[PDB]
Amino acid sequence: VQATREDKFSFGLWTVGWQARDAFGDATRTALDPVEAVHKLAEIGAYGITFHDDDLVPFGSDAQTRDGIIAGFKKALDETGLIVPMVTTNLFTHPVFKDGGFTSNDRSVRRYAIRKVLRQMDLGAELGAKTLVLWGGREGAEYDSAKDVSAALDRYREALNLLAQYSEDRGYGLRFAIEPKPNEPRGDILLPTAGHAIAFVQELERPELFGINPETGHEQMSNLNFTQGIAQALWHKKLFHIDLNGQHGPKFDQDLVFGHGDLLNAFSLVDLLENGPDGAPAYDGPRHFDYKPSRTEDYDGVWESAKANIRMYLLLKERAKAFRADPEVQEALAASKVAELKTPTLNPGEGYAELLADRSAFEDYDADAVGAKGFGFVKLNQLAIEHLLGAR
């Protein structure tokens, strides 16, 4: 298959740029030039690139340096036609953030973290970014008595409310996406799942400007069903962005190519995002890959893995489409009553009193008879896998 700008595949500069220095070893690859990343990505079919402030401008660069870098990067986007759909800020690498950015126990660190983000918001707006992703990687703790969670949530909220105020006042029109993660690098991270991130956002001052950026591996690190979690995020209308990658259950964050981890879940996910209501996708934003080319690879391996992500997504889409289009699947869906869940439980205008008066809903209901009918779910599931396998 072939990727189009209409596919909206984006990559973080820190992905193909990952030098492969893990917690147990040194880097196996040399640094990638931002400008080269831009030309290579354009070439493999991506429509946009994302970056952390510190991925593009080395922490501590003077404005002369800083300015120079931005200018060149800007030219590259220009020549290639790539856009910057999202930007983020690094609030986890520097030792100052060892206890967090926004929720560090140290007050001075909190002030500093806000400033770092405001600045990145400025660059984002200049480059045309529409979404600010916030990954609070260091917000959390290793020991329960070290962090007052309530105070931490107040401080997270305080910081976010200021960011929305500024964006709205400067007219940047940004949307903010909170990225949930259960652990790593902190023992436990605040807002561990898509669920906790959504509940939190609901308490902000201008909640309509806030949503989440869920990551495949993050939810899988707690053994949760990523597809079901996205379905919930979509129900709430809080899916502002998405990070796609692969993981093999609860272990360190692997960041494999999308679909190289839980393949069956990767398939139900593409199905959910693409076979939305009335043909059209259920999701319209970037399909962003936040993965890492394995430590054992060289730059050849790097570009290969970049293309594998696109490839995986397009192969899955194709099968998800074929799945839904199959009259036998259509028949199995009917037998399993999947669409019957869309019919309200209650009749039009029916309330508690009418329901209480309906003898068929209780007094005269044959639970035993209904309890014996099968749902035909294994059969429908088998049909889906055969489509995935290209056997149908």
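One-based numbering along the sequence shown.
- Taking only CA atoms, the mean B-factor in the PDB entry is higher for 160 to 168 than for the other of 160 to 168 and 210 to 218.
- Of the two segments, 348 to 356 and 62 to 70, the one listed with the higher mean B-factor is 62 to 70 (C-alpha atoms only).
- Remark: of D262, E304, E297, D290, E304 shows the highest value [criterion: C-alpha B-factor in the PDB entry].
- Per the deposited record, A76 carries the highest C-alpha B-factor of all listed residues (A76, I114, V149, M86).
- Ranked by Cα temperature factor within the chain, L380 sits in the lowest third according to the deposited record.
- In this PDB entry, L388 carries a Cα temperature factor that places it within the lowest third of its chain's modelled residues.
- In the PDB entry, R138 places in the lowest third of its chain by CA B-factor.
- When all modelled residues of the chain are sorted by CA temperature factor, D255 is found within the middle third.
- Split the chain's modelled residues into thirds by C-alpha temperature factor. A280 is in the highest one.
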